[PDB]
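**Student:** Next up is a structure, given as structure tokens.
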Amino acid sequence: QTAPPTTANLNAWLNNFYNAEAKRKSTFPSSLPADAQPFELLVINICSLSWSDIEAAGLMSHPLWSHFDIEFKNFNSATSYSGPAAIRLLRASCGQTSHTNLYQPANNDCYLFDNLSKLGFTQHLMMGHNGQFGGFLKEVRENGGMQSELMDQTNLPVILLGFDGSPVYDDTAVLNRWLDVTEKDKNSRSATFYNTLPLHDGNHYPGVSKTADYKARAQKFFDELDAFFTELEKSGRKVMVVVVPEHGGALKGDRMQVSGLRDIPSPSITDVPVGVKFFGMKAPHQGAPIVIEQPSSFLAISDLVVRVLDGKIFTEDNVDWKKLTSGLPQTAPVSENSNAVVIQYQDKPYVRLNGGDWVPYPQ
Ligand SMILES: [Mg+2]
Ligand SMILES: [Zn+2]
């Protein structure tokens, strides 16, 4: 990023970014080693949660945030819409593509959960909703490659209704069912993709008309997730949980995009907290979370999963935490929706709307 920030130079930079990203892959082994230790992977993909939202709600000190072993502080969601965010996470094992290329085929080895299934992990798909709104489940299947049947939702308590009137299931009940389904799946190892949207602004209680209280809803969700973590620790089960918000809820707006709007994938909307917690270790992590400050995105999640595949971390007495958390792949914070791109160039944000000229994102 030495050339002057003209439209031609920024377009050239972005196209070079795509070309460099296309050469990046998170490489999985052909088989697990003979002494591999089984564990469960659970990826919790959450709608409408960014660092900016947590600060706006006054919840930066909720115990959940210190209940991780690794925390990414500059993770970029690369989009501000749910469907694209889920596709990008499901395609975590290859470098970042343009928005248009999310809807074109990718190499089979780009699909994180297929890479895990090929190594003997049972794949599970679980949702706190039915995925009909916005064609979300359809995109997860067609572009995210996720063909697993939806985990049974029958008899789960319903906390709210979504904007379209369909159920929003209670996260505590969903997660407790996950414990049971994984116990009963005949496999010692599994990988689950869980998408949940309790903070979505259109969720409501039928007949009430009260405006949603984001802080109260976020407090309840964080309380439920933290309680699930505490119970999972006491269970002795070997689990890797990755908490990955899709994108922010846009609680705080700015000069160019007012609060609530997500058409432009602004830095505050795409800068999301990503946390990893390990359960059932012989030597559980003791301090505050290890912080990864470098610019990161989904490729770093895939590479961390590769590093843990053999399960040795769960039986090691002296874990080299630095080895585990160092040298992960870095990714520039480029974000796209269908007709908007945001980049950082010479430490300043720029935006391109409708394929026109680049303009500074006003600050
Ligand atoms: Mg099992
Ligand atoms: Zn979403």
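Labeling convention for the structure tokens: chains A, B, ... as they appear, residues from 1 per chain, ligands from 1 in order of appearance.
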Counting only C-alpha atoms, which residues in region 175-238 of chain A sit no more than 7 Å from region 155-171 of chain A? For each one, give the nearest pair of atoms and the distance in Å, sorted by chain then residue number, as JSON lines.

**Tutor:**
```
{"residue": "A:175", "atom": "CA", "partner": "A:171", "partner_atom": "CA", "distance": 6.0}
{"residue": "A:198", "atom": "CA", "partner": "A:168", "partner_atom": "CA", "distance": 6.8}
{"residue": "A:202", "atom": "CA", "partner": "A:163", "partner_atom": "CA", "distance": 4.6}
{"residue": "A:203", "atom": "CA", "partner": "A:162", "partner_atom": "CA", "distance": 4.3}
{"residue": "A:204", "atom": "CA", "partner": "A:161", "partner_atom": "CA", "distance": 5.4}
{"residue": "A:205", "atom": "CA", "partner": "A:160", "partner_atom": "CA", "distance": 5.4}
```

**Student:** Using only C-alpha atoms and all ligand atoms, find each residue with an atom at most 6 Å away from ligand 2 and format the answer as a list in words.

**Tutor:**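 Based on only C-alpha atoms and all ligand atoms, ligand 2 is surrounded within 6 Å by residues 47, 48, 81, 82 and 246 of chain A.
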
**Student:** Let's have the selection written as a short mmCIF file (atom, residue, chain, number, x, y, z; two decimals), in the first residue's frame, with C-alpha atoms.

**Tutor:**
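This went into out_14.cif:
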```
data_model
loop_
_atom_site.label_atom_id
_atom_site.label_comp_id
_atom_site.auth_asym_id
_atom_site.auth_seq_id
_atom_site.Cartn_x
_atom_site.Cartn_y
_atom_site.Cartn_z
CA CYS A 47 -26.31 -12.90 14.41
CA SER A 48 -25.91 -9.19 15.28
CA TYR A 81 -25.27 -9.87 5.98
CA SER A 82 -26.08 -13.27 7.50
CA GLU A 246 -21.75 -13.22 11.74
#
```

**Student:** List every residue of region 106-341 of chain A that DSSP, applied to the backbone of this structure, places in strand (DSSP E), and write the result as number ranges by chain.

**Tutor:** A: 122-127, 158-161, 167-169, 190-196, 239-245, 271-279, 290-292, 335-337, 340-341

**Student:** Would you mind exporting C-alpha atoms of the selected residues as a CSV table (one decimal), in the first residue's frame?

**Tutor:**
```csv
chain,number,residue,atom,x,y,z
A,122,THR,CA,-19.6,-36.7,12.5
A,123,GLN,CA,-21.1,-33.5,11.0
A,124,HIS,CA,-24.1,-31.9,12.7
A,125,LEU,CA,-26.2,-28.9,11.7
A,126,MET,CA,-28.1,-27.1,14.4
A,127,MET,CA,-30.1,-23.8,14.3
A,158,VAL,CA,-39.5,-20.9,22.0
A,159,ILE,CA,-38.3,-17.7,23.6
A,160,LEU,CA,-39.4,-15.3,20.9
A,161,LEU,CA,-40.8,-15.2,17.3
A,167,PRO,CA,-39.9,-19.6,16.3
A,168,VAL,CA,-36.7,-18.5,17.9
A,169,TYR,CA,-35.6,-21.4,20.1
A,190,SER,CA,-18.0,-34.6,15.8
A,191,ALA,CA,-18.2,-31.1,14.3
A,192,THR,CA,-21.3,-29.0,14.7
A,193,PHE,CA,-22.3,-25.7,12.9
A,194,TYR,CA,-24.8,-23.9,15.1
A,195,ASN,CA,-26.5,-20.7,13.9
A,196,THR,CA,-28.5,-18.7,16.3
A,239,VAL,CA,-14.6,-30.0,23.4
A,240,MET,CA,-13.3,-27.1,21.3
A,241,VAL,CA,-15.9,-24.2,21.1
A,242,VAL,CA,-15.4,-21.4,18.7
A,243,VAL,CA,-17.8,-18.4,19.1
A,244,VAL,CA,-18.0,-16.5,15.8
A,245,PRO,CA,-20.5,-13.6,15.3
A,271,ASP,CA,-15.1,-6.1,13.8
A,272,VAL,CA,-16.5,-9.0,15.8
A,273,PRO,CA,-15.2,-10.8,18.9
A,274,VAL,CA,-14.1,-14.3,18.2
A,275,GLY,CA,-13.4,-16.6,21.1
A,276,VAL,CA,-12.1,-20.1,21.5
A,277,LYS,CA,-12.5,-22.3,24.6
A,278,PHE,CA,-11.1,-25.8,25.3
A,279,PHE,CA,-12.9,-28.1,27.7
A,290,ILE,CA,-4.6,-15.2,25.1
A,291,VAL,CA,-5.2,-12.2,22.8
A,292,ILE,CA,-4.5,-12.4,19.1
A,335,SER,CA,-15.5,-6.5,3.6
A,336,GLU,CA,-18.1,-6.8,1.0
A,337,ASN,CA,-21.8,-7.0,0.4
A,340,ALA,CA,-20.4,-2.2,-1.4
A,341,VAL,CA,-16.8,-2.9,-0.5
```

**Student:** Per residue of chain A within 6 Å of ligand 1, note the shortest atom pair and the distance in Å to one decimal, counting only C-alpha atoms and all ligand atoms, and order the rows by chain and increasing residue number, as a Markdown table.

**Tutor:**
```
| residue | atom | partner | partner_atom_place_in_ligand_line | distance |
| --- | --- | --- | --- | --- |
| A:182 | CA | ligand 1 | 1 (Mg) | 4.1 |
| A:183 | CA | ligand 1 | 1 (Mg) | 4.3 |
| A:184 | CA | ligand 1 | 1 (Mg) | 5.7 |
| A:185 | CA | ligand 1 | 1 (Mg) | 4.6 |
| A:186 | CA | ligand 1 | 1 (Mg) | 5.2 |
| A:187 | CA | ligand 1 | 1 (Mg) | 4.0 |
| A:188 | CA | ligand 1 | 1 (Mg) | 4.5 |
| A:189 | CA | ligand 1 | 1 (Mg) | 5.9 |
```

**Student:** List the spatial neighbours of region 356-362 of chain A as a VMD selection string - criterion: any atom at most 12 Å away, only C-alpha atoms, same-chain residues fewer than 3 positions off excluded.

**Tutor:** chain A and resid 5 to 14 253 to 257 264 to 268 339 to 353

**Student:** Contacts of residue 31 (chain A) at 12 Å or less, counting only C-alpha atoms, minus same-chain residues fewer than 3 places along, as a list in words?

**Tutor:**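 Counting only C-alpha atoms, the residues come to residues 27, 28, 34, 35, 36, 115, 116, 117, 118, 119, 120, 121, 306, 309 and 310 of chain A.
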
**Student:** Would you save the residues from that selection as a tab-separated table (two decimals), in the first residue's frame, using C-alpha atoms?

**Tutor:**
```
chain	number	residue	atom	x	y	z
A	27	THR	CA	-4.13	-27.82	4.60
A	28	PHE	CA	-5.66	-30.87	6.29
A	34	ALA	CA	-2.88	-43.47	15.10
A	35	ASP	CA	-2.73	-41.92	18.59
A	36	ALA	CA	-5.18	-39.08	17.92
A	115	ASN	CA	-12.53	-31.39	5.63
A	116	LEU	CA	-13.39	-32.55	9.17
A	117	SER	CA	-15.96	-35.14	8.07
A	118	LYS	CA	-13.38	-36.74	5.76
A	119	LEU	CA	-11.19	-37.31	8.85
A	120	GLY	CA	-13.95	-39.16	10.70
A	121	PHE	CA	-15.78	-36.37	12.54
A	306	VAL	CA	-5.83	-28.00	11.91
A	309	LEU	CA	-6.88	-32.07	15.00
A	310	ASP	CA	-4.79	-34.76	16.69
```

**Student:** Mind the document's chain letters and residue numbers, and return as number ranges by chain the residues of region 190-269 of chain A that DSSP labels alpha helix (DSSP H).

**Tutor:** A: 214-235, 267-269

**Student:** Do you know which residues are at most 9 Å from residue 139 (chain A) counting only C-alpha atoms, after dropping those on the same chain fewer than 4 positions away, and could you put them as a ChimeraX atom specification?

**Tutor:** /A:83-84,86-87,103,135,143-145

**Student:** Rank nothing, just name the residue among A:46, A:269, A:301, A:63 nearest to residue 324 (chain A), using only C-alpha atoms.

**Tutor:** A:301

**Student:** Could you pull the residues within 12 Å of residue 287 (chain A), counting only C-alpha atoms, minus those fewer than 3 positions along the same chain, as a ChimeraX atom specification?

**Tutor:** /A:66-70,284,290-291,321

**Student:** Please produce, as CSV, a per-residue contact table for region 253-303 of chain A versus region 91-101 of chain A (criterion: any atom at most 6 Å away, only C-alpha atoms considered), showing the nearest atom pair and its distance in Å to one decimal, sorted by chain then residue number.

**Tutor:**
```
residue,atom,partner,partner_atom,distance
A:298,CA,A:92,CA,5.0
A:299,CA,A:92,CA,5.2
A:302,CA,A:93,CA,5.4
```

**Student:** Keeping only N, CA, C and O atoms, write the selected residues as a PDB file, in the first residue's frame.

**Tutor:**
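For reference, again_26.pdb as written:
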```
ATOM      1  N   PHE A 298     -11.533 -15.738   8.750  1.00  0.00           N
ATOM      2  CA  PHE A 298     -11.921 -17.139   8.894  1.00  0.00           C
ATOM      3  C   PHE A 298     -10.772 -18.106   8.662  1.00  0.00           C
ATOM      4  O   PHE A 298     -10.758 -19.183   9.273  1.00  0.00           O
ATOM      5  N   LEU A 299      -9.800 -17.754   7.816  1.00  0.00           N
ATOM      6  CA  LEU A 299      -8.690 -18.674   7.569  1.00  0.00           C
ATOM      7  C   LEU A 299      -7.947 -19.008   8.859  1.00  0.00           C
ATOM      8  O   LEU A 299      -7.465 -20.140   9.033  1.00  0.00           O
ATOM      9  N   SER A 302      -9.731 -21.877  10.633  1.00  0.00           N
ATOM     10  CA  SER A 302      -9.408 -23.162  10.019  1.00  0.00           C
ATOM     11  C   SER A 302      -8.011 -23.625  10.402  1.00  0.00           C
ATOM     12  O   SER A 302      -7.814 -24.794  10.756  1.00  0.00           O
TER      13      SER A 302
END
```

**Student:** I need the residue nearest residue 260 (chain A) from this list: A:106, A:296, A:59, A:201. Use only C-alpha atoms for the distance.

**Tutor:**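 Going through A:106, A:296, A:59, A:201 one by one, the smallest distance to residue 260 (chain A) is for A:201.
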
**Student:** Report the distance between CA of residue 328 (chain A) and CA of residue 289 (chain A) in Å, rounded to one decimal place.

**Tutor:** 16.2 Å

**Student:** With distances taken over only C-alpha atoms, which of A:319, A:300, A:218, A:199 is nearest to residue 331 (chain A)?

**Tutor:**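 For residue 331 (chain A), the nearest of the given residues is A:300.
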
**Student:** Near residue 85 (chain A), within 8 Å and counting only C-alpha atoms, which residues show up once chain neighbours fewer than 5 positions away are dropped, as a list in words?

**Tutor:**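 Contacts, with the query itself left out: residues 77, 78, 79, 80, 246 and 247 of chain A.
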
**Student:** Please write the residues from the selection above to a file, keeping C-alpha atoms, as a short mmCIF file (atom, residue, chain, number, x, y, z; two decimals), in the first residue's frame.

**Tutor:**
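Output contents, as saved in part_8.cif:
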```
data_model
loop_
_atom_site.label_atom_id
_atom_site.label_comp_id
_atom_site.auth_asym_id
_atom_site.auth_seq_id
_atom_site.Cartn_x
_atom_site.Cartn_y
_atom_site.Cartn_z
CA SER A 77 -16.39 -10.78 9.38
CA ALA A 78 -15.86 -9.60 5.76
CA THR A 79 -19.60 -8.82 5.31
CA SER A 80 -22.59 -7.39 7.14
CA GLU A 246 -21.75 -13.22 11.74
CA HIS A 247 -21.59 -9.40 11.86
#
```

**Student:** Please measure the separation of CA of residue 89 (chain A) and CA of residue 305 (chain A), giving the value in Å to one decimal.

**Tutor:**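 CA of residue 305 (chain A) lies 12.8 Å from CA of residue 89 (chain A).
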
**Student:** What is the distance, in Å and to one decimal place, between CA of residue 44 (chain A) and CA of residue 211 (chain A)?

**Tutor:** 26.4 Å
